[PDB]
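S.K.: For reference, the structure I am asking about is given below.
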Amino acid sequence: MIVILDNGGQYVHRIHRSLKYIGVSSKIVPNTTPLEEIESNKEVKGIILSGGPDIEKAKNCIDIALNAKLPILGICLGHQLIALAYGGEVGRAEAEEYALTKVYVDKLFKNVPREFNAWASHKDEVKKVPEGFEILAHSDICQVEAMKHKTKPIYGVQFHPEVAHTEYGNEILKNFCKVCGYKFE
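Quick look at the structure:
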């Protein structure tokens, strides 16, 4: 089971519907869900922090990003929240509207080409990557399209892998799920 923190965005049900596509069970919980509740359910093998319009209403994800023992994928707001949580920096970015963005893989991306089109907003972006993290990908307009913690199973993506408009979206979700112990036969 994967747990999805609902940070309020339009694409949270889509996360559940894409994980289903690749045969991964998931459930949406409100983003005020204490970390203890999530980890007491031993079926939960990973966490997704969803997209969301307001970082100041998703403060509890910072607690989850720092303290969880399970793997974490942050998506857009969630990517920014992981960055903030380890003492990285977030700021206004280049363009608010969801658009197709060419992403360059600089190093999650098993079975994915070096360039691919991703569905992304750039209202906000990680300005400073925290200690213990490294950039996995970038676009022309965004230095940090994806990142991961070097030793902890924690991943962020500025773009929405759950949206069909993202090429290899389900492959990216599936690579995350493999880290969460999921077998794909």
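Oh and the sequence shown: position 26 is 43 in the numbering used here, straight run, nothing missing.
We put the beta carbon where it would ideally sit given N, CA and C, even for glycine.
Using alpha carbons as the reference points, say which of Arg131, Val61, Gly69, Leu36 lies closest to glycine 26.
M.R.: What you label residue 26 is simply residue 9 of the sequence shown in a count that begins at 1. Cα-wise, what sits closest to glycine 26 is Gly69.
S.K.: Would a C-beta distance cut-off of 8 Å place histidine 155 and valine 146 closer than the cut-off?
M.R.: As a first step, residue 155 must be located in the sequence shown, where it is residue number 138. As a first step, residue 146 must be located in the sequence shown, where it is residue number 129. The criterion of a C-beta distance shorter than 8 Å is not satisfied by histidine 155 and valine 146.
S.K.: Helix, strand or coil for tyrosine 185, going by three-state DSSP, please let me know.
M.R.: On the sequence shown, position 168 is the one that residue 185 refers to. Three-state DSSP puts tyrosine 185 in coil, outside helix and strand.
S.K.: Rounded to whole angstroms, what's the CA-CA distance from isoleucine 152 to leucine 22? Just pull it up for me.
M.R.: Residue mapping note: residue 152 aligns to position 135 of the sequence shown, counting from 1. Residue mapping note: residue 22 aligns to position 5 of the sequence shown, counting from 1. Spanning the two alpha carbons is a distance of roughly 23 Å.
S.K.: Do you know how far the Cα of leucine 117 is from the Cα of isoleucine 55?
M.R.: As a position in the sequence shown, residue 55 is number 38, starting the count at 1. As a position in the sequence shown, residue 117 is number 100, starting the count at 1. Annotation: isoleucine 55 to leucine 117 spans about 34 Å, alpha carbon to alpha carbon.
S.K.: Among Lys86, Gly149, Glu184, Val61, whose alpha-carbon lies nearest the alpha-carbon of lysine 44?
M.R.: Position 27 of the sequence shown, counting from 1, holds the residue named residue 44. Here the closest residue by C-alpha is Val61.
S.K.: Got a sec? Which residues, its chain only, sit under 7 Å from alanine 75 by beta carbon, not counting five neighbours each side?
M.R.: On the sequence shown, residue 75 is found 58 positions in, with the first residue counted as 1. Result list for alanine 75: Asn24, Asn48, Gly69, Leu94, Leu98, in chain order.
S.K.: Under the DSSP definition of a beta bridge, which residues are partnered with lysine 119?
M.R.: Here residue 119 refers to the residue found at position 102 of the sequence shown. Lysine 119 pairs with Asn134.
S.K.: Decide yes or no for the touch test of the region 182-198 against the region 97-114: beta carbon pairs closer than 8 Å, at least 3 of them.
M.R.: no
S.K.: Output needed for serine 35: all residues of its chain with C-beta closer than 7 Å, excluding positions within five of it in sequence on either side, in chain order.
M.R.: Position 18 of the sequence shown, counted from the start, is the residue given in the question as residue 35. If we look at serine 35 and ignore the five residues flanking it on each side, its Cβ neighbours are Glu179, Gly186, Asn187, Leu190.
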